[PDB]
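Some notes on the structure that comes next.
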Amino acid sequence: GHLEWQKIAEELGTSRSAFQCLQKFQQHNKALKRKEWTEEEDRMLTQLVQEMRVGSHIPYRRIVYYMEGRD
DNA sequence: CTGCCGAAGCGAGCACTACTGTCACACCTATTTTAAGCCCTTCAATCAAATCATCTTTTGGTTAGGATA
């Protein structure tokens, strides 16, 4: 279930640890790197942009702290 | 017309280190020779702290490997 990555590393059998396995998976996890879009992400992105943006300047990536699976 | 002697307030003795006239002998330095240790300067050889140049780790945006909504 993408959980207990110590067990995942042990099952891998190449002497990897949980942290390395998780790092590699997250760097190649479609669920994390959101090529997709969701309604709540769009709504909250619009809300934060409208709250903060002045003129043509918006906090393009500082919104990522609030919305998951982004950069 | 001059002169004696009282009343009250004072007082005593007991309770089983600054100068000056001399004076000779100290102070003082003329140099020799070591043997290991001296203080300060003064520059030179070596060092290490800080700064610059460039490779690289990651933080916002564009590209065409890559994808949903």
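Order determines the names: the first chain of the structure tokens is A, the second B, and so forth; residues in each chain are numbered 1 upward, and ligands are numbered 1 upward as they are shown.
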
message: For a quick test of understanding: name the residues of chain B lying within 12 Å of chain A when counting only C-alpha atoms (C1' of nucleotides), and present them as a PyMOL selection string.
response: chain B and resi 59-61+66-69

field: Non-local contacts of residue 5 (chain A) (8 Å; only C-alpha atoms (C1' of nucleotides); under 6 positions in same chain excluded) as a ChimeraX atom specification
entry: /A:17-19,21-22

Convert the current residue selection to file output with C-alpha atoms, as a tab-separated table (two decimals), in the first residue's frame.
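Generated output (result27.tsv):
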```
chain	number	residue	atom	x	y	z
A	17	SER	CA	16.78	1.21	3.26
A	18	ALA	CA	13.31	2.67	3.67
A	19	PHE	CA	14.41	6.24	2.99
A	21	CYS	CA	13.28	3.33	-1.55
A	22	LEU	CA	10.76	6.04	-0.66
```

- request: Pick out the residues sitting within 12 Å of residue 9 (chain A), and hand them over as a PyMOL selection string; count only C-alpha atoms (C1' of nucleotides), and ignore anything fewer than 2 positions along from it in its own chain.
  value: chain A and resi 2-7+11-25

For the alpha helix (DSSP H) assignment from backbone DSSP, which residues of chain A qualify? Please present them as a CSV table (one decimal) with N, CA and C atoms, in the first residue's frame.
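Result file is selection.csv:
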```
chain,number,residue,atom,x,y,z
A,5,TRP,N,7.8,1.3,4.4
A,5,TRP,CA,8.8,1.2,3.4
A,5,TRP,C,10.1,0.4,3.9
A,6,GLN,N,10.2,0.3,5.2
A,6,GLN,CA,11.2,-0.7,5.6
A,6,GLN,C,11.0,-2.1,5.2
A,7,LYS,N,9.7,-2.5,5.2
A,7,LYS,CA,9.3,-3.8,4.7
A,7,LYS,C,9.5,-3.9,3.2
A,8,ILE,N,9.2,-2.8,2.5
A,8,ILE,CA,9.4,-2.8,1.0
A,8,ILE,C,10.8,-2.9,0.7
A,9,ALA,N,11.7,-2.2,1.4
A,9,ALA,CA,13.2,-2.3,1.2
A,9,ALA,C,13.6,-3.7,1.5
A,10,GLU,N,13.2,-4.3,2.6
A,10,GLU,CA,13.5,-5.7,2.9
A,10,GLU,C,13.1,-6.6,1.8
A,11,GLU,N,11.9,-6.5,1.3
A,11,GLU,CA,11.4,-7.4,0.2
A,11,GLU,C,12.2,-7.1,-1.1
A,12,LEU,N,12.7,-5.9,-1.3
A,12,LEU,CA,13.4,-5.7,-2.5
A,12,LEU,C,14.7,-6.5,-2.5
A,18,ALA,N,14.6,2.1,3.9
A,18,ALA,CA,13.3,2.7,3.7
A,18,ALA,C,13.4,4.0,3.0
A,19,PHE,N,14.3,4.9,3.5
A,19,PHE,CA,14.4,6.2,3.0
A,19,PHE,C,14.8,6.3,1.5
A,20,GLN,N,15.8,5.5,1.1
A,20,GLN,CA,16.2,5.5,-0.3
A,20,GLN,C,15.0,5.0,-1.2
A,21,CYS,N,14.4,3.9,-0.8
A,21,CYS,CA,13.3,3.3,-1.5
A,21,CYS,C,12.2,4.4,-1.7
A,22,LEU,N,11.8,5.0,-0.6
A,22,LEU,CA,10.8,6.0,-0.7
A,22,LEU,C,11.2,7.2,-1.6
A,23,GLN,N,12.4,7.6,-1.5
A,23,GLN,CA,12.9,8.7,-2.3
A,23,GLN,C,12.8,8.4,-3.8
A,24,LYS,N,13.2,7.2,-4.1
A,24,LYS,CA,13.2,6.8,-5.5
A,24,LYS,C,11.7,6.7,-6.0
A,25,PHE,N,10.8,6.0,-5.2
A,25,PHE,CA,9.4,5.9,-5.6
A,25,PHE,C,8.8,7.3,-5.8
A,26,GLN,N,9.0,8.2,-4.8
A,26,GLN,CA,8.4,9.5,-4.9
A,26,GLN,C,8.9,10.3,-6.1
A,27,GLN,N,10.2,10.1,-6.4
A,27,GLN,CA,10.7,10.7,-7.6
A,27,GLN,C,10.1,10.1,-8.9
A,39,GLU,N,-10.5,19.2,-8.3
A,39,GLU,CA,-11.4,20.3,-8.0
A,39,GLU,C,-10.9,21.1,-6.8
A,40,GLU,N,-10.5,20.4,-5.7
A,40,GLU,CA,-10.1,21.2,-4.5
A,40,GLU,C,-8.8,21.9,-4.7
A,41,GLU,N,-7.9,21.3,-5.5
A,41,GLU,CA,-6.6,22.0,-5.7
A,41,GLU,C,-6.9,23.3,-6.5
A,42,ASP,N,-7.8,23.2,-7.6
A,42,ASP,CA,-8.1,24.4,-8.4
A,42,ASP,C,-8.7,25.5,-7.5
A,43,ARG,N,-9.7,25.1,-6.7
A,43,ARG,CA,-10.5,26.0,-5.9
A,43,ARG,C,-9.5,26.7,-4.9
A,44,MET,N,-8.7,25.9,-4.2
A,44,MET,CA,-7.8,26.5,-3.2
A,44,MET,C,-6.7,27.3,-3.9
A,45,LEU,N,-6.2,26.9,-5.0
A,45,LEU,CA,-5.2,27.7,-5.8
A,45,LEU,C,-5.8,29.1,-6.1
A,46,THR,N,-7.0,29.1,-6.7
A,46,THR,CA,-7.7,30.3,-7.0
A,46,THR,C,-7.8,31.2,-5.7
A,47,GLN,N,-8.3,30.6,-4.6
A,47,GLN,CA,-8.5,31.4,-3.4
A,47,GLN,C,-7.2,32.0,-2.9
A,48,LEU,N,-6.1,31.2,-2.9
A,48,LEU,CA,-4.8,31.8,-2.4
A,48,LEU,C,-4.3,32.8,-3.3
A,49,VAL,N,-4.4,32.6,-4.7
A,49,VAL,CA,-3.9,33.6,-5.6
A,49,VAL,C,-4.7,34.9,-5.5
A,50,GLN,N,-6.0,34.8,-5.4
A,50,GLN,CA,-6.8,36.0,-5.2
A,50,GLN,C,-6.5,36.7,-3.9
A,51,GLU,N,-6.3,36.0,-2.9
A,51,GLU,CA,-5.9,36.6,-1.6
A,51,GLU,C,-4.6,37.3,-1.6
A,52,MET,N,-3.6,36.8,-2.3
A,52,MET,CA,-2.2,37.3,-2.3
A,52,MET,C,-1.9,38.2,-3.5
```

field: For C1' of residue 62 (chain B) and CA of residue 64 (chain A), the interatomic separation in Å (one decimal)
entry: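 CA of residue 64 (chain A) lies at a distance of 19.3 Å from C1' of residue 62 (chain B).
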
Atomic distance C1' of residue 57 (chain B) - CA of residue 67 (chain A), expressed in Å with one decimal: 24.4 Å

- line: Separating CA of residue 55 (chain A) from CA of residue 68 (chain A), to the nearest tenth of an Å, is a gap of 25.9 Å
